[PDB]
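In: Sequence, then structure. It's an experimental one.
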Amino acid sequence: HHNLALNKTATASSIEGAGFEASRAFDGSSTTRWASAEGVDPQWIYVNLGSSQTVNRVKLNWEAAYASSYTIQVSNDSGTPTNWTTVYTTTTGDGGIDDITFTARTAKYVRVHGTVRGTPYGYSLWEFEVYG
């Protein structure tokens, strides 16, 4: 299906270093990843879809450094987003592929906001896809 987030501009709370930029979660490749700084909660990444779009599904392909507690959230702010609406919450994530369908919302930005890690590293996504 049509990934509204592919090669759109992304912003993350931190990155581990060059090569693990936020943008690497939006390139279509499962051999490139965003990775956060390590050893510190929370972390987050959001994508700017470029305009207000209908959104109803997020598909996360986590790397091994996954979030076991995270939320998916949306914002229809026009400027730099600080108003987030949570559409999904878990404390039992186990990484791999999370394919999360929610009641459709109108959104310009979609955020993954992680608070507990499944590893002692950071948070890391091969790909973060959005549909709607």
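Out: Looks like it arrived, so ask away. Numbers count the residues shown, from 1 in each chain.
In: tell me, what residue is most central in this structure?
Out: With distances taken as Cα atoms, centre = their mean, residue 112 lies nearest the centre of the chain, 3.7 Å away.
In: need the contact list for that one.
Out: Applying Cβ atoms under 8 Å, 6 or more residues apart in numbering, we find residue 112 in contact with 44-46, 58, 60, 67, 70-72, 123, 125, 128. Quick note: C-beta positions are derived from backbone N, CA and C, even for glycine.
In: Ok, residue 73 next?
Out: Counting by Cβ under 8 Å, 6+ apart, residue 73 makes contact with 84-87, 110-111, 113.
In: What of residue 95?
Out: Applying Cβ under 8 Å, 6+ apart, we find residue 95 in contact with 62-64, 66, 118.
In: what are the phi and psi angles of residue 23?
Out: The phi/psi pair for residue 23 (degrees, to the nearest 10) reads phi -60, psi -20.
In: Work out for me the element the closest residue to it other than its chain neighbours sits within.
Out: Distances taken as Cβ to Cβ, 6 or more residues apart in numbering put residue 10 closest to residue 23, at 5.3 Å, once the chain neighbours are dropped. Assigned by DSSP states H and E, residue 10 falls within strand 9-12.
In: which residues make contact with that strand from outside it?
Out: 21-23, 25-26, 34, 36, 43-48, 50, 128.
In: List only those of the residues you listed flagged as buried.
Out: The neighbour-count test (16 or more other Cβ atoms under 10 Å) marks 21-23, 25-26, 34, 36, 43-48, 128 as buried among those.
In: circling back to that earlier point, ok, the strand holding residue 10: who's next to it in the sheet?
Out: Sheet pairing for strand 9-12, assigned by DSSP bridges, gives strand 43-62 (antiparallel).
In: How far does the partner strand sit from its chain's centre?
Out: Distance, stretch centre to chain centre, for strand 43-62: 6 Å (Cα atoms, centre = their mean, to the nearest Å).
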